[PDB]
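Every number here is computed from the coordinates shown, using simple stated rules; none is lab data. Cβ sites come from the backbone with ideal geometry, for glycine too, and all protein chains shown count toward neighbours.
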Amino acid sequence: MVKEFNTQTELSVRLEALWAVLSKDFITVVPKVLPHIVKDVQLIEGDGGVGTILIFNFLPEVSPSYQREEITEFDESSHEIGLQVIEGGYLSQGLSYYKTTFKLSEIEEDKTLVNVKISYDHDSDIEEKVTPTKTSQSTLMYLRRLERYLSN
Ligand SMILES: C=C1C[C@]23C[C@@]1(O)CC[C@H]2[C@@]12C=C[C@H](O)[C@@](C)(C(=O)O1)[C@H]2[C@@H]3C(=O)O
C-alpha cells in the first residue's frame with residue numbers, strides 16, 4: 001500500500017515566483033539549479049497541465065539516467081502540484097510507486113512555506129532500499145538550491 005511521508009521547508013522567496021518555477025518553469029530551471037545531476041528536461045505529451053508527461057535526462061554519470069514524470073495534480077488556487085514518477089528514477093531503485101507533491105503558502109512577502117508530500121511503496125523482493133527519508137532529503141536540497149537561484 002502507498003504510504004505518505006510529509007516534510008517541509010521555508011524558503012526566503014516570494015510565493016508566486018516559487019510557484020512559477022515549481023509548477024511550470026522547471027523545464028528550463030531544473031538543469032540550471034541541478035547542473036551536476038540533470039542534463040535536460042522535455043515535455044513529451046501535454047503542455048504543462050494535468051496529464052503532462054516529461055522526461056528528465058540525467059548526466060551520463062548518473063544511474064538511472066532518466067525519469068519519466070507525469071503531472072498528476074495542478075491546483076493554482078491552492079498552489080499545489082503533484083508530480084508522479086511513471087518510469088525510471090526511483091522506480092528503477094526498488095520503489096513500486098513514487099510521487100512528490102508540493103503545496104506552497106505565504107509566510108511573509110518574501111518567505112514561503114513548502115509542504116512536501118512523498119507518496120511511495122516498495123517491492124520487498126528487490127534488495128536495494130531507498131527510504132523516503134533519503135528521497136525527501138534530495139527534494140529539500142533541490143528546494144534550497146532553488147532558493148539560492150531566486151535570491152541572486
Ligand atoms: C535531486 C532530485 C530531486 C528530483 C529528482 C532528483 O534526483 C533530480 C530531479 C529532481 C526533480 C526536479 C523537479 C521536480 O520537482 C521533481 C519532482 C522531478 O521530477 O525531478 C524533482 C525530483 C524530486 O524532488 O524527487
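DSSP loop (so not H, G, I, E, B), at most 16 other Cβ within 10 Å: list which trypsin sites (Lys or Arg not before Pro) in region 47-129 pass both filters. Can you show the working numbers first?
Details: sites: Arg68, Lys99, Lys103, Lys111, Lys117, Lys129; in loops: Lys129.
Taking region 47-129 and a limit of 16 other Cβ atoms within 10 Å, the loop trypsin sites (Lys or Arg not before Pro) found are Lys129.
As a check on your grasp of the helix formula, calculate [θ] at 222 nm for the chain: sum -39500 (n - 2.57) over DSSP H runs of n ≥ 4, divide by the residue count, round to the nearest 500. Walk me through the numbers before you get to the answer.
On the way: 3 runs with 33 residues, N = 152.
Per the formula, -6500 deg cm²/dmol.
Residues in region 1-25 near a label at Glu76, defined as backbone nitrogen under 12 Å from the 7 Å Cα→Cβ point?
Counting only backbone N, you get 20, 24.
Against the longest principal axis of the chain, how steep is helix 132-150, in degrees 0 to 90 to the nearest 10, with axes from Cα atoms?
30 degrees
Give me the net charge of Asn152's neighbourhood, meaning all other residues with Cβ under 15 Å from the Cβ of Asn152; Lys, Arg count +1, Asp, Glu -1. Could you put the intermediate results ahead of the total?
Working: positive: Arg14, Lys32, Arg144, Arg145, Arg148; negative: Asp110, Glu147.
Charge balance near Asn152 sits at +3.
For the chain, take the convex hull of the Cα atoms, compute a quarter of its surface area, and give me that in nm², please. Kindly include the intermediate steps, with their values, before the conclusion.
Working: hull surface 35.1 nm².
Its Cα hull, projected and averaged over all orientations, spans 8.8 nm².
Quick check on packing: order 56-67, 40-51, 136-147 by the mean number of other C-beta atoms within 10 Å, highest mean leading.
On the way: 56-67: 14.8, 40-51: 11.9, 136-147: 16.8.
Taking the mean over residues of other Cβ atoms within 10 Å, the ranking is 136-147, 56-67, 40-51.
Need the list of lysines near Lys32 for cross-linking: C-alpha distance under 20 angstrom, and skip anything on the same chain fewer than eight residues off.
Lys32 reaches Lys24.
Could you work out the relative contact order of the chain? I mean the mean sequence separation of Cα pairs under 8 Å and 6+ apart, divided by the number of residues, in percent. The partial results should precede the final answer.
Details: 299 pairs, mean separation 40.2, N = 152.
After rounding, I find 26 percent.
Which FRET efficiency value, to the nearest 0.05, do you get for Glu108 and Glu128 by plugging their Cβ-Cβ distance into 1/(1 + (r/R0)^6) with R0 = 41 Å? Walk me through the numbers before you get to the answer.
Numbers: r = 42 Å, r/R0 = 1.02.
The pair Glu108/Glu128 has a calculated efficiency of 0.50.
With the crude spin-label approximation of a point 7 Å out along Cα→Cβ, what separation in nm comes out for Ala20 versus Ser151?
Result: 1.9 nm between the two label points.
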